[PDB]
Amino acid sequence: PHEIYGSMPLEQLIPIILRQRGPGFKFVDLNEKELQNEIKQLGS
Amino acid sequence: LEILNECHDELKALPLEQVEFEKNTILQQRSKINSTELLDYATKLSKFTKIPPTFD
Amino acid sequence: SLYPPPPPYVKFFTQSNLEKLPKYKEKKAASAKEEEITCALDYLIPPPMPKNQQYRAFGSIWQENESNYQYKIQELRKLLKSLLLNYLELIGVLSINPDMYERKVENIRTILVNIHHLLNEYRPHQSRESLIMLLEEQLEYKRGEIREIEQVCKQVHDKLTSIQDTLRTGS
Amino acid sequence: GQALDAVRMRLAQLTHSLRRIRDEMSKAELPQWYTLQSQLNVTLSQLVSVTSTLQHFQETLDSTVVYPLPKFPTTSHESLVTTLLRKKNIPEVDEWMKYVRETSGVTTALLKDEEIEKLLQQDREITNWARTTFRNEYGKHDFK
Amino acid sequence: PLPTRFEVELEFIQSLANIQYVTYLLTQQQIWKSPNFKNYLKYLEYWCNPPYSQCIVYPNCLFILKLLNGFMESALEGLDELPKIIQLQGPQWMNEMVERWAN
Amino acid sequence: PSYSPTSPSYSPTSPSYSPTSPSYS
Amino acid sequence: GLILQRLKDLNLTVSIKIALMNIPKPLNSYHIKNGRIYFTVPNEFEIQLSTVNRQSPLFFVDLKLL
Amino acid sequence: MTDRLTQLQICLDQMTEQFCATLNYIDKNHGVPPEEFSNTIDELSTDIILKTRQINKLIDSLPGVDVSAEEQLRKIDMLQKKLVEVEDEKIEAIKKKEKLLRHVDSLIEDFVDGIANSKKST
């Protein structure tokens, strides 16, 4: 599953992140502290 | 700094963990299945999958 | 009709039968401690493999580290030479007394047929050997990929060292 | 050919009206109710005219025999030919027809002169009586 | 002699690969409406493992039934699109079958 | 002249309902 | 899942790009975070910017009023 | 690339077709001038001989044609073994390549921060 994510270039990853986060939320609005936050919840 | 940055980018482009899971999956998939059944099935599909040149 | 009807037992198994299958198989196993169809739930029990390990269909029968061949080579060379010799003798027959030519024709075919029988026994011996030619092609491809990866990162490291020397000289 | 030509032009304008009502319904915003009523009535009366004209020239349509062109290649256009030359209803219309036969009790291949014929005669008369009754009711009150 | 249930179920599975057979089966209302047929379809899923998979003649139906499996949560509707979609997606589905088996 | 032609409204995706039954000999 | 190192590379690119240009003294207050650069002029505004490529120029991302 | 087996089958089909064509020419031409007929038949016989020699040079060149398949089977097994170790070695190679690339990313970041706070120091 991760081999798709880890093999696509960022030029195609950006639209994927944009569609995952929905309209309005830019690809850069994500916070690193917030990022490690949801990483912590998903790791549980 | 620029040129070493593209060197870093191109090195990162060539793959880490994903390749080793894929190699793992290959190894247990190969170990699980015996070659006898695979060769028998290949021989039995050789007639169907391969279109002979004389089949009008 | 053009399309044969669905199998009959297909219609016997509802959702209730599926959900009651566990207790049914438990009861069947407890009681047990060609299968007769005494209950409608018998078919969900996996069918047993035939003891003969054989299956018949349309008049035809069906049933380790990969997971004197010189005699066969010389036999095929002498058979080819004899086939050429018999072709020459048969065309000579056509030349002089063609009326009985067929008397040899099928004979030659038999040799061809015997070459085809050798080339049939030779298949379970070539078909698996396809996996071998595949072996070296992916092996050499991965070696090429690997070698170009240490080459490119060594030439990057060399560039980095050259830059380090250049900046040290400018100090 | 004249009857089929008239059939063609009228069917073409009906299809044009259908395309119209389609591309004014496909908009994300619904127009005013009145425009929808006007389009509905125009297209629906046009469908009535289609039905009536199809009814008028049944003989010309029946006399015509369908045959593929010698120049038309069937080897490459057999799918297109089989798209046009097959004519069965949608299944939801045939099952609706079967449900209508079952609901009405009507079936039309064994009927003979016994009870159903006396019922058939006893139906004519209600229609005529109702028509006469409503004519009398209309005449009773002066509507002018 | 009377064939065993092995033979008839295997022949049904291999005949499921035909697009015409699938279109005909989905044409009738009671075949999809009856839960018995889909229950049998889910029962047939256990042939994707050996040694049963060694007895198959056409591996394409292996995905088709699985595709038919998807049909229970995708809806009948889509019956018309079945031939076009199978013709269009034949390449990648054959490729994934080859990846599942040939590798 | 002709104000506008009709848009192509072909429906090849239509599955058709041709009854097939006399196949057995 | 590469998002962390992509954002770090974006921050580095933004930092080098703003090092390329001589920022004004009133704009000396800048912050780098999450592939974004923040310029907060007090009682005036807070502008958040980013870039897609090292050669590509900066583009507007977000703005807040003070 | 084309498999040695498929080439051998193409060669024996071409040989059969050549014999059929030669005998058809003989059957439909016996009676054409004798000199032209003899020259054409000499060409056909040279073709027969050459086809025979590609047949001979292809049937003795199947790779391992004189090698018993069981040593084919140990060599294959040890090939997958040494393969397992070679992707293992590639897994240490790529992990230490990533480690040096991360060390390179850290010194880049430190140097960039030094540049930034130096040129904003004055």
# chains A, B, ... in the order shown; residues from 1 in each chain; ligands from 1
$ residues_around --residues "residue 22 in chain H" --least-positions-apart "4" --cutoff "9 Å" --atoms "only C-alpha atoms" --output "list in words"
residues 17, 18, 26, 27, 41, 44 and 45 of chain H
$ interface_residues --of "chain B" --to "chain E" --cutoff "9 Å" --atoms "only C-alpha atoms" --output "MDAnalysis selection string"
chainID B and resid 26 29:30 33 37:38 40:42 44:45 48
$ write_last_selection --atoms "N, CA and C atoms" --output "mmCIF file, in the first residue's frame"
data_model
loop_
_atom_site.group_PDB
_atom_site.id
_atom_site.type_symbol
_atom_site.label_atom_id
_atom_site.label_comp_id
_atom_site.auth_asym_id
_atom_site.auth_seq_id
_atom_site.Cartn_x
_atom_site.Cartn_y
_atom_site.Cartn_z
ATOM 1 N N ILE B 26 7.341 -11.060 -2.428
ATOM 2 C CA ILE B 26 7.815 -11.979 -3.458
ATOM 3 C C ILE B 26 8.359 -13.258 -2.828
ATOM 4 N N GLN B 29 5.595 -15.453 -1.276
ATOM 5 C CA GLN B 29 4.727 -15.952 -2.336
ATOM 6 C C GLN B 29 5.404 -17.072 -3.114
ATOM 7 N N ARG B 30 6.697 -16.917 -3.410
ATOM 8 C CA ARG B 30 7.433 -17.971 -4.102
ATOM 9 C C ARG B 30 7.595 -19.209 -3.229
ATOM 10 N N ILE B 33 4.164 -21.489 -2.794
ATOM 11 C CA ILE B 33 3.656 -22.245 -3.937
ATOM 12 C C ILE B 33 4.767 -23.126 -4.492
ATOM 13 N N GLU B 37 2.933 -27.576 -9.563
ATOM 14 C CA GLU B 37 1.610 -27.117 -9.974
ATOM 15 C C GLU B 37 1.714 -25.949 -10.944
ATOM 16 N N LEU B 38 2.664 -25.037 -10.708
ATOM 17 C CA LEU B 38 2.846 -23.909 -11.614
ATOM 18 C C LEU B 38 3.248 -24.371 -13.007
ATOM 19 N N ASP B 40 2.718 -27.355 -14.358
ATOM 20 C CA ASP B 40 1.583 -28.052 -14.954
ATOM 21 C C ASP B 40 0.551 -27.070 -15.491
ATOM 22 N N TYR B 41 0.241 -26.030 -14.715
ATOM 23 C CA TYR B 41 -0.747 -25.049 -15.148
ATOM 24 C C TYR B 41 -0.238 -24.242 -16.337
ATOM 25 N N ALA B 42 1.063 -23.938 -16.361
ATOM 26 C CA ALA B 42 1.643 -23.254 -17.512
ATOM 27 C C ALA B 42 1.547 -24.108 -18.771
ATOM 28 N N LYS B 44 -0.675 -26.421 -19.322
ATOM 29 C CA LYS B 44 -2.076 -26.539 -19.716
ATOM 30 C C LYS B 44 -2.608 -25.244 -20.324
ATOM 31 N N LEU B 45 -2.038 -24.091 -19.961
ATOM 32 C CA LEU B 45 -2.449 -22.836 -20.580
ATOM 33 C C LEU B 45 -1.651 -22.500 -21.831
ATOM 34 N N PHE B 48 -3.949 -22.504 -24.850
ATOM 35 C CA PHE B 48 -5.018 -21.511 -24.907
ATOM 36 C C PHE B 48 -4.489 -20.084 -25.022
#
$ closest_residue --among "C:144, C:26, C:135, C:120" --to "chain E" --atoms "only C-alpha atoms"
C:135
$ select_by_dssp --residues "chain B" --states "helix (DSSP H, G or I)" --output "ChimeraX atom specification"
/B:2-13,17-32,35-49
$ closest_atom_pairs --of "chain H" --to "chain B" --cutoff "8 Å" --atoms "only C-alpha atoms" --output "CSV"
residue,atom,partner,partner_atom,distance
H:87,CA,B:23,CA,7.6
H:91,CA,B:20,CA,6.8
H:94,CA,B:16,CA,6.4
H:95,CA,B:16,CA,6.8
H:98,CA,B:12,CA,7.9
H:101,CA,B:8,CA,6.8
H:108,CA,B:1,CA,7.7
$ write_last_selection --atoms "C-alpha atoms" --output "PDB file, in the first residue's frame"
ATOM      1  CA  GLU H  87      18.380  -7.828  -2.190  1.00  0.00           C
ATOM      2  CA  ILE H  91      18.505  -3.093   1.721  1.00  0.00           C
ATOM      3  CA  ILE H  94      19.860   1.883   0.419  1.00  0.00           C
ATOM      4  CA  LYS H  95      19.418   2.361   4.218  1.00  0.00           C
ATOM      5  CA  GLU H  98      19.458   7.360   2.984  1.00  0.00           C
ATOM      6  CA  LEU H 101      21.462  11.710   2.376  1.00  0.00           C
ATOM      7  CA  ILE H 108      22.428  21.803   4.273  1.00  0.00           C
TER       8      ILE H 108
END
$ interface_residues --of "chain C" --to "chain F" --cutoff "9 Å" --atoms "only C-alpha atoms" --output "number ranges by chain"
C: 1-3
$ interface_residues --of "chain G" --to "chain H" --cutoff "9 Å" --atoms "only C-alpha atoms" --output "list in words"
residues 12, 15, 16, 18, 19 and 28 of chain G
$ write_last_selection --atoms "C-alpha atoms" --output "PDB file, in the first residue's frame"
ATOM      1  CA  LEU G  12      14.180  25.145   3.074  1.00  0.00           C
ATOM      2  CA  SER G  15      14.252  30.187   3.299  1.00  0.00           C
ATOM      3  CA  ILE G  16      16.788  30.152   0.470  1.00  0.00           C
ATOM      4  CA  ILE G  18      13.936  34.842   0.779  1.00  0.00           C
ATOM      5  CA  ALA G  19      17.709  34.796   1.264  1.00  0.00           C
ATOM      6  CA  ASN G  28      12.637  41.751   9.218  1.00  0.00           C
TER       7      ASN G  28
END
$ atom_distance --atom1 "CA of residue 9 in chain E" --atom2 "CA of residue 88 in chain E"
28.4 Å
$ atom_distance --atom1 "CA of residue 7 in chain E" --atom2 "CA of residue 41 in chain C"
19.4 Å
$ select_by_dssp --residues "range 1-162 of chain C" --states "strand (DSSP E or B)" --output "list in words"
residues 55, 56, 57, 60, 61 and 62 of chain C
$ atom_distance --atom1 "CA of residue 15 in chain C" --atom2 "CA of residue 6 in chain E"
22.7 Å
$ interface_residues --of "chain C" --to "chain E" --cutoff "12 Å" --atoms "only C-alpha atoms" --output "number ranges by chain"
C: 1-19, 34-35, 37, 42-50, 53-59, 62-63, 67, 130-131, 134-135, 138
$ closest_residue --among "C:65, C:96, C:119, C:88" --to "chain B" --atoms "only C-alpha atoms"
C:65
$ closest_residue --among "E:74, E:45, E:19, E:32" --to "residue 90 in chain E" --atoms "only C-alpha atoms"
E:19
$ interface_residues --of "chain E" --to "chain F" --cutoff "8 Å" --atoms "only C-alpha atoms" --output "list in words"
residues 79, 80, 81 and 84 of chain E
$ write_last_selection --atoms "N, CA, C and O atoms" --output "compact mmCIF listing (two decimals), in the first residue's frame"
# COMPACT_ATOMS: atom_id res chain seq x y z
N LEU E 79 -25.95 -3.23 -15.92
CA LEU E 79 -25.97 -4.40 -16.79
C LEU E 79 -25.64 -4.01 -18.23
O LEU E 79 -24.91 -4.72 -18.93
N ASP E 80 -26.18 -2.88 -18.69
CA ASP E 80 -25.92 -2.42 -20.05
C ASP E 80 -24.43 -2.14 -20.26
O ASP E 80 -23.88 -2.45 -21.32
N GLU E 81 -23.77 -1.56 -19.26
CA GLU E 81 -22.38 -1.17 -19.38
C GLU E 81 -21.42 -2.36 -19.23
O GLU E 81 -20.22 -2.19 -19.45
N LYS E 84 -19.16 -3.28 -22.45
CA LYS E 84 -18.21 -2.20 -22.73
C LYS E 84 -17.13 -2.14 -21.66
O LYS E 84 -15.94 -2.00 -21.98
